[PDB]
$ cat model21.txt   # compact mmCIF, C-alpha atoms
# COMPACT_ATOMS: atom_id res chain seq x y z
CA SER A 22 -149.40 -29.51 53.91
CA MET A 23 -146.25 -27.62 53.30
CA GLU A 24 -145.85 -29.36 49.83
CA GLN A 25 -149.37 -27.99 48.85
CA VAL A 26 -148.29 -24.53 49.82
CA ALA A 27 -145.03 -24.80 47.79
CA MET A 28 -147.04 -25.93 44.78
CA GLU A 29 -149.42 -23.03 45.24
CA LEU A 30 -146.52 -20.60 45.44
CA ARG A 31 -145.16 -22.02 42.04
CA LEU A 32 -148.70 -21.57 40.55
CA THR A 33 -148.80 -18.02 41.87
CA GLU A 34 -145.50 -17.21 40.40
CA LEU A 35 -146.46 -18.80 37.01
CA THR A 36 -149.61 -16.63 37.15
CA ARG A 37 -147.35 -13.58 37.69
CA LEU A 38 -145.26 -14.40 34.67
CA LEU A 39 -148.33 -15.26 32.47
CA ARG A 40 -149.91 -11.94 33.45
CA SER A 41 -146.84 -10.14 32.12
CA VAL A 42 -146.87 -12.35 28.96
CA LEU A 43 -150.61 -11.55 28.48
CA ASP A 44 -149.91 -7.83 28.73
CA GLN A 45 -147.17 -8.02 26.23
CA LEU A 46 -149.25 -10.03 23.70
CA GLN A 47 -152.21 -7.77 24.09
CA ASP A 48 -150.01 -4.74 23.27
CA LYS A 49 -149.49 -6.37 19.90
CA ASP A 50 -153.24 -5.84 19.25
CA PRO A 51 -153.46 -2.09 19.37
CA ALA A 52 -156.71 -2.11 17.39
CA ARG A 53 -158.33 -4.15 20.27
CA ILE A 54 -159.71 -6.64 17.72
CA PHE A 55 -159.11 -9.51 20.16
CA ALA A 56 -159.96 -7.82 23.41
CA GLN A 57 -163.45 -9.13 23.95
CA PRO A 58 -165.60 -12.17 22.86
CA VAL A 59 -167.12 -12.06 19.43
CA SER A 60 -170.68 -10.80 20.14
CA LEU A 61 -173.37 -13.42 19.39
CA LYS A 62 -175.87 -10.60 19.12
CA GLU A 63 -173.77 -9.07 16.27
CA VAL A 64 -172.55 -12.39 14.76
CA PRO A 65 -175.46 -14.75 15.46
CA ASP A 66 -174.10 -17.69 13.44
CA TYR A 67 -170.63 -17.57 15.09
CA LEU A 68 -170.88 -20.85 16.99
CA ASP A 69 -171.89 -22.66 13.83
CA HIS A 70 -168.38 -21.80 12.56
CA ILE A 71 -166.18 -21.62 15.67
CA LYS A 72 -166.53 -24.27 18.34
CA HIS A 73 -164.24 -22.85 20.97
CA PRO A 74 -164.35 -19.00 20.97
CA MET A 75 -161.55 -17.20 22.77
CA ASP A 76 -160.47 -13.62 23.47
CA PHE A 77 -158.09 -11.72 25.74
CA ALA A 78 -160.75 -10.88 28.38
CA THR A 79 -161.74 -14.53 28.74
CA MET A 80 -158.03 -15.46 29.12
CA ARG A 81 -157.60 -12.85 31.79
CA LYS A 82 -160.58 -14.25 33.82
CA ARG A 83 -158.99 -17.69 33.69
CA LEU A 84 -155.57 -16.32 34.52
CA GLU A 85 -156.85 -14.48 37.62
CA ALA A 86 -158.52 -17.57 38.91
CA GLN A 87 -155.08 -19.25 38.51
CA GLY A 88 -156.65 -21.53 35.90
CA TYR A 89 -153.49 -21.97 33.76
CA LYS A 90 -151.39 -24.86 35.26
CA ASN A 91 -148.58 -24.53 32.72
CA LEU A 92 -147.52 -22.34 29.73
CA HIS A 93 -148.88 -24.94 27.21
CA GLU A 94 -152.47 -24.30 28.50
CA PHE A 95 -152.03 -20.55 28.11
CA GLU A 96 -150.55 -20.90 24.61
CA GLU A 97 -153.48 -23.14 23.61
CA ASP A 98 -155.93 -20.31 24.41
CA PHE A 99 -153.72 -17.70 22.59
CA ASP A 100 -153.58 -19.92 19.52
CA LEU A 101 -157.40 -20.19 19.61
CA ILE A 102 -157.71 -16.42 19.41
CA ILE A 103 -155.54 -16.40 16.22
CA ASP A 104 -156.76 -19.57 14.62
CA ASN A 105 -160.52 -18.80 15.17
CA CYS A 106 -160.05 -15.46 13.43
CA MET A 107 -158.10 -16.86 10.49
CA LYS A 108 -160.86 -19.36 9.80
CA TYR A 109 -163.90 -17.07 10.21
CA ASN A 110 -162.47 -14.11 8.34
CA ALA A 111 -161.07 -14.07 4.83
CA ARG A 112 -157.47 -13.33 3.98
CA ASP A 113 -158.26 -9.84 2.65
CA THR A 114 -159.81 -8.55 5.87
CA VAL A 115 -158.42 -6.33 8.59
CA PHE A 116 -159.43 -9.03 11.09
CA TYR A 117 -157.37 -11.79 9.42
CA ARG A 118 -154.44 -9.45 8.93
CA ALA A 119 -154.55 -8.41 12.58
CA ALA A 120 -154.35 -12.04 13.61
CA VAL A 121 -151.31 -12.70 11.38
CA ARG A 122 -149.49 -9.75 12.89
CA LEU A 123 -150.41 -10.85 16.44
CA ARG A 124 -149.16 -14.38 15.78
CA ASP A 125 -145.86 -13.12 14.31
CA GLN A 126 -145.20 -10.58 17.05
CA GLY A 127 -146.41 -12.85 19.81
CA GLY A 128 -143.99 -15.61 18.78
CA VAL A 129 -141.07 -13.55 20.03
CA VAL A 130 -142.66 -13.04 23.47
CA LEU A 131 -143.65 -16.67 23.80
CA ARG A 132 -140.20 -17.96 22.83
CA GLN A 133 -138.61 -16.14 25.79
CA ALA A 134 -141.52 -16.99 28.13
CA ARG A 135 -140.82 -20.67 27.56
CA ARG A 136 -137.16 -20.24 28.37
CA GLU A 137 -138.20 -18.36 31.65
CA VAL A 138 -140.74 -20.93 32.72
CA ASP A 139 -138.12 -23.72 32.22
CA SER A 140 -135.25 -21.64 33.65
CA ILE A 141 -137.11 -20.55 36.89
CA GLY A 142 -138.88 -23.99 36.91
$ encode --input "model21.txt" --output "structure tokens"
Amino acid sequence: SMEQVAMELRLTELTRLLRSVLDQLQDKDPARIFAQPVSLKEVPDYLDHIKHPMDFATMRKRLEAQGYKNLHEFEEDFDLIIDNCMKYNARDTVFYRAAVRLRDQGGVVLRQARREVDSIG
């Protein structure tokens, strides 16, 4: 149907905007602390602590399959990256600190993304 096509065009365009948002958030992680999944070879107990691992590479795979239907879904995964790190790592660690700075800097990007998603529809 033509409606299904219109819907798919909206999803494509959301994907475009979320790709740009993802790039911008990932620039706020210049250390690349969040770039890849925590290695279960290197942290064998990780899943005993963290039930839903997340990282920027995993988000990108979902994004490119158009697997984010709305901005809320995408923000859920970004918040997992941050929140997983702040639980596993102590306050005095470069990992925790990196997550705080990513959260704070990312907030700015996400605030305007929400306005754009609403504005463009």
$ residues_around --input "model21.txt" --residues "residue 120 in chain A" --least-positions-apart "6" --cutoff "12 Å" --atoms "all atoms listed in the file" --output "list in words"
residues 46, 47, 49, 50, 51, 52, 53, 54, 55, 76, 99, 100, 101, 102, 103, 104, 105, 106, 107, 108, 109, 110, 111, 112, 113, 114, 126 and 127 of chain A
$ residues_near_point --input "model21.txt" --point "(-170.1, -21.0, 13.9)" --cutoff "12 Å" --atoms "all atoms listed in the file" --output "PyMOL selection string"
chain A and resi 59-61+64-74+105-106+108-110
$ closest_residue --input "model21.txt" --among "A:139, A:44, A:24, A:63" --to "residue 93 in chain A" --atoms "all atoms listed in the file"
A:139
$ residues_around --input "model21.txt" --residues "residue 33 in chain A" --least-positions-apart "2" --cutoff "12 Å" --atoms "all atoms listed in the file" --output "JSON, numbers by chain"
{"A": [26, 27, 28, 29, 30, 31, 35, 36, 37, 38, 39, 40, 84, 85, 86, 87, 88, 89, 90, 91]}
$ atom_distance --input "model21.txt" --atom1 "CA of residue 96 in chain A" --atom2 "CA of residue 130 in chain A"
11.2 Å
$ closest_residue --input "model21.txt" --among "A:25, A:42, A:117, A:79" --to "residue 132 in chain A" --atoms "all atoms listed in the file"
A:42
$ atom_distance --input "model21.txt" --atom1 "CA of residue 75 in chain A" --atom2 "CA of residue 137 in chain A"
25.0 Å
$ closest_residue --input "model21.txt" --among "A:57, A:41, A:133, A:22" --to "residue 78 in chain A" --atoms "all atoms listed in the file"
A:57
$ axis_aligned_box --input "model21.txt" --around "range 55-64 of chain A" --padding-each-side "8 Å" --output "JSON"
{"center_x": -167.5, "center_y": -10.6, "center_z": 19.4, "size_x": 32.8, "size_y": 21.6, "size_z": 25.2}
$ closest_residue --input "model21.txt" --among "A:77, A:135, A:34, A:82" --to "residue 58 in chain A" --atoms "only C-alpha atoms"
A:77
$ atom_distance --input "model21.txt" --atom1 "CA of residue 94 in chain A" --atom2 "CA of residue 124 in chain A"
16.5 Å
$ closest_residue --input "model21.txt" --among "A:129, A:23, A:141, A:121" --to "residue 45 in chain A" --atoms "all atoms listed in the file"
A:129
$ closest_residue --input "model21.txt" --among "A:95, A:119, A:32, A:62" --to "residue 131 in chain A" --atoms "all atoms listed in the file"
A:95
